[PDB]
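Note: the block below is start-v2.pdb and it holds PDB, C-alpha atoms and all ligand atoms.
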```
ATOM      1  CA  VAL A   3       0.000   0.000   0.000
ATOM      2  CA  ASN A   4       1.184   3.567  -0.808
ATOM      3  CA  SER A   5      -0.260   7.078  -0.316
ATOM      4  CA  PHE A   6      -1.159   7.926  -3.923
ATOM      5  CA  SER A   7      -4.878   8.744  -4.080
ATOM      6  CA  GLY A   8      -7.445   9.179  -6.834
ATOM      7  CA  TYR A   9      -5.489   7.491  -9.635
ATOM      8  CA  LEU A  10      -7.047   5.481 -12.428
ATOM      9  CA  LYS A  11      -5.298   2.139 -12.903
ATOM     10  CA  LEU A  12      -4.193   1.618 -16.511
ATOM     11  CA  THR A  13      -2.144  -1.586 -16.135
ATOM     12  CA  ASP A  14      -0.583  -3.757 -13.452
ATOM     13  CA  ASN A  15       1.996  -1.035 -12.728
ATOM     14  CA  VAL A  16       0.880   2.245 -14.392
ATOM     15  CA  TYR A  17      -1.583   4.691 -12.813
ATOM     16  CA  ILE A  18      -2.774   8.100 -14.037
ATOM     17  CA  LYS A  19      -4.438  11.212 -12.588
ATOM     18  CA  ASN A  20      -5.405  14.715 -13.673
ATOM     19  CA  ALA A  21      -3.165  16.613 -11.281
ATOM     20  CA  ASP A  22      -0.525  19.307 -10.954
ATOM     21  CA  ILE A  23       2.679  17.338 -10.311
ATOM     22  CA  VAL A  24       3.919  20.143  -8.039
ATOM     23  CA  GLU A  25       0.832  19.940  -5.824
ATOM     24  CA  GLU A  26       0.880  16.158  -5.935
ATOM     25  CA  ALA A  27       4.537  16.048  -4.870
ATOM     26  CA  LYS A  28       3.898  18.546  -2.048
ATOM     27  CA  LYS A  29       1.097  16.330  -0.681
ATOM     28  CA  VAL A  30       2.581  12.844  -1.120
ATOM     29  CA  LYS A  31       6.302  13.612  -0.620
ATOM     30  CA  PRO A  32       7.132  10.576  -2.786
ATOM     31  CA  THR A  33      10.503   8.863  -2.643
ATOM     32  CA  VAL A  34      11.029   9.894  -6.292
ATOM     33  CA  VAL A  35       9.550  12.698  -8.382
ATOM     34  CA  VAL A  36      10.571  12.743 -12.052
ATOM     35  CA  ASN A  37      11.533  16.007 -13.712
ATOM     36  CA  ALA A  38      11.143  16.590 -17.451
ATOM     37  CA  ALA A  39      14.709  17.834 -17.746
ATOM     38  CA  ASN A  40      16.933  18.983 -20.577
ATOM     39  CA  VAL A  41      20.591  18.002 -20.917
ATOM     40  CA  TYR A  42      21.763  21.258 -19.318
ATOM     41  CA  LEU A  43      19.373  20.952 -16.346
ATOM     42  CA  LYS A  44      18.144  24.450 -17.181
ATOM     43  CA  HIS A  45      14.703  24.368 -15.543
ATOM     44  CA  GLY A  46      13.060  27.265 -17.348
ATOM     45  CA  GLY A  47       9.541  26.178 -18.206
ATOM     46  CA  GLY A  48       7.089  23.348 -18.470
ATOM     47  CA  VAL A  49       7.235  20.782 -15.695
ATOM     48  CA  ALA A  50      10.864  21.652 -14.922
ATOM     49  CA  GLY A  51      10.180  25.352 -14.502
ATOM     50  CA  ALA A  52       7.242  24.583 -12.224
ATOM     51  CA  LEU A  53       9.152  22.093 -10.061
ATOM     52  CA  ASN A  54      12.122  24.420  -9.761
ATOM     53  CA  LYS A  55       9.907  27.390  -8.845
ATOM     54  CA  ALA A  56       8.311  25.282  -6.096
ATOM     55  CA  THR A  57      11.816  24.698  -4.632
ATOM     56  CA  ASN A  58      12.499  28.460  -4.548
ATOM     57  CA  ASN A  59      15.253  27.878  -7.187
ATOM     58  CA  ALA A  60      17.169  25.414  -4.974
ATOM     59  CA  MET A  61      16.751  22.766  -7.682
ATOM     60  CA  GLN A  62      18.468  25.078 -10.195
ATOM     61  CA  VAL A  63      21.322  25.881  -7.797
ATOM     62  CA  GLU A  64      21.963  22.184  -7.176
ATOM     63  CA  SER A  65      21.663  21.445 -10.894
ATOM     64  CA  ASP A  66      24.184  24.116 -11.874
ATOM     65  CA  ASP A  67      26.737  22.562  -9.521
ATOM     66  CA  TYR A  68      25.972  19.104 -10.991
ATOM     67  CA  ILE A  69      26.588  20.333 -14.553
ATOM     68  CA  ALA A  70      29.734  22.230 -13.598
ATOM     69  CA  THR A  71      31.151  18.967 -12.211
ATOM     70  CA  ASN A  72      29.782  16.380 -14.649
ATOM     71  CA  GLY A  73      28.838  18.151 -17.870
ATOM     72  CA  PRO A  74      25.521  17.716 -19.669
ATOM     73  CA  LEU A  75      23.324  14.664 -19.576
ATOM     74  CA  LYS A  76      22.590  12.571 -22.667
ATOM     75  CA  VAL A  77      19.221  12.736 -24.382
ATOM     76  CA  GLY A  78      17.552   9.602 -23.009
ATOM     77  CA  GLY A  79      19.642   9.805 -19.838
ATOM     78  CA  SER A  80      19.049  10.830 -16.250
ATOM     79  CA  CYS A  81      20.569  11.761 -12.932
ATOM     80  CA  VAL A  82      19.343  11.530  -9.344
ATOM     81  CA  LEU A  83      19.480  14.736  -7.328
ATOM     82  CA  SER A  84      17.702  16.025  -4.246
ATOM     83  CA  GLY A  85      13.933  16.246  -4.171
ATOM     84  CA  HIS A  86      14.180  19.359  -1.979
ATOM     85  CA  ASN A  87      10.766  20.122  -0.415
ATOM     86  CA  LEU A  88       8.927  17.999  -3.000
ATOM     87  CA  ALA A  89      10.272  14.439  -2.625
ATOM     88  CA  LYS A  90      13.210  12.539  -1.201
ATOM     89  CA  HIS A  91      14.849  12.449  -4.637
ATOM     90  CA  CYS A  92      14.309  14.016  -8.035
ATOM     91  CA  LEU A  93      15.064  11.828 -11.038
ATOM     92  CA  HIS A  94      15.901  14.296 -13.817
ATOM     93  CA  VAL A  95      15.098  12.464 -17.069
ATOM     94  CA  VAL A  96      15.817  13.873 -20.536
ATOM     95  CA  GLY A  97      13.145  12.917 -23.043
ATOM     96  CA  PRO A  98      13.794  13.893 -26.697
ATOM     97  CA  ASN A  99      12.574  17.398 -27.560
ATOM     98  CA  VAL A 100      10.793  17.269 -30.919
ATOM     99  CA  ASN A 101      11.100  21.056 -31.153
ATOM    100  CA  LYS A 102      14.888  20.467 -31.276
ATOM    101  CA  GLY A 103      14.690  17.648 -33.846
ATOM    102  CA  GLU A 104      15.697  14.878 -31.439
ATOM    103  CA  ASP A 105      15.003  11.253 -32.297
ATOM    104  CA  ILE A 106      11.715  10.097 -30.787
ATOM    105  CA  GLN A 107      13.057   6.551 -30.492
ATOM    106  CA  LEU A 108      15.098   7.942 -27.571
ATOM    107  CA  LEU A 109      11.824   8.172 -25.653
ATOM    108  CA  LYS A 110      12.027   4.469 -24.795
ATOM    109  CA  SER A 111      15.575   4.919 -23.468
ATOM    110  CA  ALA A 112      14.347   7.847 -21.364
ATOM    111  CA  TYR A 113      11.573   5.770 -19.773
ATOM    112  CA  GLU A 114      14.020   2.917 -19.042
ATOM    113  CA  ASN A 115      15.511   5.148 -16.332
ATOM    114  CA  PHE A 116      12.279   4.732 -14.364
ATOM    115  CA  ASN A 117      13.011   1.004 -13.919
ATOM    116  CA  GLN A 118      15.806   1.830 -11.464
ATOM    117  CA  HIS A 119      13.165   3.044  -8.949
ATOM    118  CA  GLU A 120      10.452   0.915  -7.386
ATOM    119  CA  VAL A 121       7.858   3.723  -7.226
ATOM    120  CA  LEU A 122       7.789   7.130  -8.966
ATOM    121  CA  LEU A 123       5.584  10.179  -9.424
ATOM    122  CA  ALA A 124       6.122  11.381 -12.970
ATOM    123  CA  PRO A 125       4.924  13.429 -15.941
ATOM    124  CA  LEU A 126       4.612  12.046 -19.442
ATOM    125  CA  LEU A 127       8.085  12.319 -20.939
ATOM    126  CA  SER A 128       8.526  14.464 -24.048
ATOM    127  CA  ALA A 129       4.948  15.825 -23.698
ATOM    128  CA  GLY A 130       4.024  19.482 -23.297
ATOM    129  CA  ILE A 131       6.693  21.869 -24.552
ATOM    130  CA  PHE A 132       8.907  18.936 -25.597
ATOM    131  CA  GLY A 133       6.565  18.512 -28.558
ATOM    132  CA  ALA A 134       5.820  14.785 -28.663
ATOM    133  CA  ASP A 135       2.356  13.258 -28.883
ATOM    134  CA  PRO A 136       1.298  12.513 -25.273
ATOM    135  CA  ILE A 137      -0.746   9.498 -26.402
ATOM    136  CA  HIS A 138       2.458   8.023 -27.818
ATOM    137  CA  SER A 139       4.373   8.902 -24.659
ATOM    138  CA  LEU A 140       1.816   7.023 -22.565
ATOM    139  CA  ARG A 141       2.106   3.995 -24.856
ATOM    140  CA  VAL A 142       5.909   3.954 -24.575
ATOM    141  CA  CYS A 143       5.612   4.394 -20.806
ATOM    142  CA  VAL A 144       3.268   1.413 -20.443
ATOM    143  CA  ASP A 145       5.408  -0.742 -22.751
ATOM    144  CA  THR A 146       8.734   0.202 -21.091
ATOM    145  CA  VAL A 147       8.295   0.909 -17.381
ATOM    146  CA  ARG A 148       7.928  -2.174 -15.183
ATOM    147  CA  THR A 149       8.118  -0.407 -11.814
ATOM    148  CA  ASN A 150       5.150   1.388 -10.269
ATOM    149  CA  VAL A 151       4.578   4.748 -11.929
ATOM    150  CA  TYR A 152       1.999   7.372 -10.944
ATOM    151  CA  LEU A 153       1.523   9.763 -13.867
ATOM    152  CA  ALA A 154       0.288  13.295 -13.251
ATOM    153  CA  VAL A 155      -1.311  15.006 -16.253
ATOM    154  CA  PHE A 156      -1.847  18.740 -15.729
ATOM    155  CA  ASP A 157      -4.383  19.361 -18.503
ATOM    156  CA  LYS A 158      -7.849  17.940 -17.803
ATOM    157  CA  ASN A 159      -8.738  17.847 -21.495
ATOM    158  CA  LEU A 160      -5.557  15.898 -22.273
ATOM    159  CA  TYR A 161      -6.117  13.572 -19.319
ATOM    160  CA  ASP A 162      -9.585  12.685 -20.626
ATOM    161  CA  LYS A 163      -8.206  12.095 -24.131
ATOM    162  CA  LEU A 164      -5.412   9.854 -22.784
ATOM    163  CA  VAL A 165      -7.857   7.722 -20.780
ATOM    164  CA  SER A 166     -10.488   7.492 -23.515
ATOM    165  CA  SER A 167      -7.949   6.479 -26.185
ATOM    166  CA  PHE A 168      -5.937   4.043 -24.049
ATOM    167  CA  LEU A 169      -5.689   0.525 -25.452
TER     168      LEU A 169
HETATM  169  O1  LIG B 201      -1.118  17.869 -18.675
HETATM  170  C1  LIG B 201       0.128  17.780 -18.528
HETATM  171  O2  LIG B 201       0.617  17.041 -17.640
HETATM  172  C2  LIG B 201       1.059  18.571 -19.431
HETATM  173  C3  LIG B 201       0.638  19.128 -20.647
HETATM  174  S1  LIG B 201       2.013  19.898 -21.277
HETATM  175  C4  LIG B 201       3.055  19.486 -20.014
HETATM  176  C5  LIG B 201       4.511  19.885 -19.910
HETATM  177  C6  LIG B 201       4.549  21.285 -19.315
HETATM  178  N1  LIG B 201       4.059  21.281 -17.951
HETATM  179  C7  LIG B 201       3.899  22.550 -17.276
HETATM  180  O3  LIG B 201       4.175  23.556 -17.842
HETATM  181  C8  LIG B 201       3.427  22.610 -15.830
HETATM  182  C9  LIG B 201       3.481  23.840 -15.195
HETATM  183  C10 LIG B 201       3.077  23.952 -13.862
HETATM  184  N2  LIG B 201       3.009  24.979 -13.003
HETATM  185  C11 LIG B 201       2.555  24.524 -11.852
HETATM  186  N3  LIG B 201       2.326  23.228 -11.933
HETATM  187  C12 LIG B 201       2.642  22.838 -13.177
HETATM  188  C13 LIG B 201       2.597  21.586 -13.817
HETATM  189  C14 LIG B 201       2.998  21.479 -15.144
HETATM  190  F1  LIG B 201       2.955  20.271 -15.774
HETATM  191  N4  LIG B 201       2.361  18.786 -19.118
END
```
Starting from the file, give its structure as structure tokens.
Amino acid sequence: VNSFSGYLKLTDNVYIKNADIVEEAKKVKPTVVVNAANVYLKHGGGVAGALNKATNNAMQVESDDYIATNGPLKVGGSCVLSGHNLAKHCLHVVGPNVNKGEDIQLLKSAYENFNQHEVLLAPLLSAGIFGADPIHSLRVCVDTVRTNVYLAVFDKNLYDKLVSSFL
């Protein structure tokens, strides 16, 4: 049993809810919240901008030190950093950004990072301002992630479309 509430069950291990991931993280304090990161960990907008704002920019400060030491992530890659006031840990995962021309096949590699964590609160990778089709992102998620993933979808209209079209 875990503390996630109000989710629709899509499969054995994937659950979904119309929710603001920031508010959901603040209430659950999950072990892992996933950020929709870019390779530079520049958390300017979308999910990343919202998560970072909720940490009062502490996420960005920590991220800048990480990049100064380690250099950029790979598209499809990830790193584990602090969850600050939102979670124990934040898994920063880089989905391909279609608006940068990045190969959508890397979306599966991005979701594979979730398998290193038994339970996660996450957004749909490469959705929103990353330009991919969220229906496709949900399909890749379901077909790739084997650990228990709680997906937060901010837009109610999109949430309803994702549920109604799910196979
Ligand atoms: O419906 C979805 O989940 C969806 C559609 S596009 C996309 C990526 C961009 N997300 C955001 O800008 C975003 C900003 C927030 N500010 C406060 N809480 C937020 C949650 C967010 F998700 N997510």
Worksheet item: Quick one, how far is atom CA of residue 148 of chain A from atom CA of residue 105 of chain A?
Response: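 Those two atoms sit 22.9 Å apart.
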Between chain A and ligand LIG 201 (chain B), at 7 Å or less, what are the per-residue closest atom pairs and their distances in Å? Count all atoms listed in the file, order by chain and rising residue number, and return it as a Markdown table.
```
| residue | atom | partner | partner_atom | distance |
| --- | --- | --- | --- | --- |
| A:22 | CA | B:LIG201 | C13 | 4.8 |
| A:23 | CA | B:LIG201 | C13 | 5.5 |
| A:24 | CA | B:LIG201 | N3 | 5.2 |
| A:47 | CA | B:LIG201 | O3 | 6.0 |
| A:48 | CA | B:LIG201 | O3 | 3.0 |
| A:49 | CA | B:LIG201 | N1 | 3.9 |
| A:51 | CA | B:LIG201 | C9 | 6.9 |
| A:52 | CA | B:LIG201 | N2 | 4.3 |
| A:125 | CA | B:LIG201 | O2 | 5.9 |
| A:126 | CA | B:LIG201 | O2 | 6.6 |
| A:129 | CA | B:LIG201 | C4 | 5.5 |
| A:130 | CA | B:LIG201 | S1 | 2.9 |
| A:131 | CA | B:LIG201 | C5 | 5.5 |
| A:154 | CA | B:LIG201 | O2 | 5.8 |
| A:155 | CA | B:LIG201 | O2 | 3.1 |
| A:156 | CA | B:LIG201 | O1 | 3.2 |
| A:157 | CA | B:LIG201 | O1 | 3.6 |
| A:158 | CA | B:LIG201 | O1 | 6.8 |
| A:160 | CA | B:LIG201 | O1 | 6.0 |
| A:161 | CA | B:LIG201 | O1 | 6.6 |
```
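Evaluating the PyMOL selection byres (((chain A and resi 77) around 10) and not hetatm) against the shown model yields residues 39, 40, 41, 74, 75, 76, 78, 79, 80, 95, 96, 97, 98, 99, 104, 105, 108, 109, 111 and 112 of chain A.
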Practice prompt. Using the chain letters and numbers from the file, give me the residues hit by the PyMOL selection byres (((chain A and resi 90) around 12) and not hetatm), as JSON, numbers by chain.
Written response: {"A": [27, 28, 30, 31, 32, 33, 34, 35, 36, 82, 83, 84, 85, 86, 87, 88, 89, 91, 92, 93, 121, 122, 123]}
Exercise: residue 145 of chain A partners within 12 Å, only C-alpha atoms, chain neighbours under 3 positions left out, as an mmCIF file with C-alpha atoms, in the coordinates of the input:
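As written to disk, around_21.cif reads:
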```
data_model
loop_
_atom_site.group_PDB
_atom_site.id
_atom_site.type_symbol
_atom_site.label_atom_id
_atom_site.label_comp_id
_atom_site.auth_asym_id
_atom_site.auth_seq_id
_atom_site.Cartn_x
_atom_site.Cartn_y
_atom_site.Cartn_z
ATOM 1 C CA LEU A 12 -4.193 1.618 -16.511
ATOM 2 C CA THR A 13 -2.144 -1.586 -16.135
ATOM 3 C CA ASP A 14 -0.583 -3.757 -13.452
ATOM 4 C CA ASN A 15 1.996 -1.035 -12.728
ATOM 5 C CA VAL A 16 0.880 2.245 -14.392
ATOM 6 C CA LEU A 109 11.824 8.172 -25.653
ATOM 7 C CA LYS A 110 12.027 4.469 -24.795
ATOM 8 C CA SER A 111 15.575 4.919 -23.468
ATOM 9 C CA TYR A 113 11.573 5.770 -19.773
ATOM 10 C CA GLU A 114 14.020 2.917 -19.042
ATOM 11 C CA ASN A 117 13.011 1.004 -13.919
ATOM 12 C CA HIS A 138 2.458 8.023 -27.818
ATOM 13 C CA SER A 139 4.373 8.902 -24.659
ATOM 14 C CA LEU A 140 1.816 7.023 -22.565
ATOM 15 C CA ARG A 141 2.106 3.995 -24.856
ATOM 16 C CA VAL A 142 5.909 3.954 -24.575
ATOM 17 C CA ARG A 148 7.928 -2.174 -15.183
ATOM 18 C CA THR A 149 8.118 -0.407 -11.814
ATOM 19 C CA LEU A 169 -5.689 0.525 -25.452
#
```
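Nearest residue to residue 150 of chain A among A:118, A:101, A:58, A:166 is A:118, counting all atoms listed in the file.
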Worksheet entry | Contact residues around segment 59-63 of chain A with all atoms listed in the file at 9 Å, ignoring same-chain residues under 3 positions, as a VMD selection string | chain A and resid 43 to 45 53 to 56 66 to 68 83 to 86
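When atom CA of residue 116 of chain A is paired with atom CA of residue 159 of chain A, their separation reads 25.8 Å.
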Practice prompt. Take atom CA of residue 21 of chain A and atom CA of residue 46 of chain A and report the distance between them in Å, one decimal.
Written response: 20.3 Å
Fill in: Option closest in space to residue 127 of chain A, from A:65, A:107, A:7, A:37 [counting only C-alpha atoms]
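Ranking A:65, A:107, A:7, A:37 by distance to residue 127 of chain A, first place goes to A:37.
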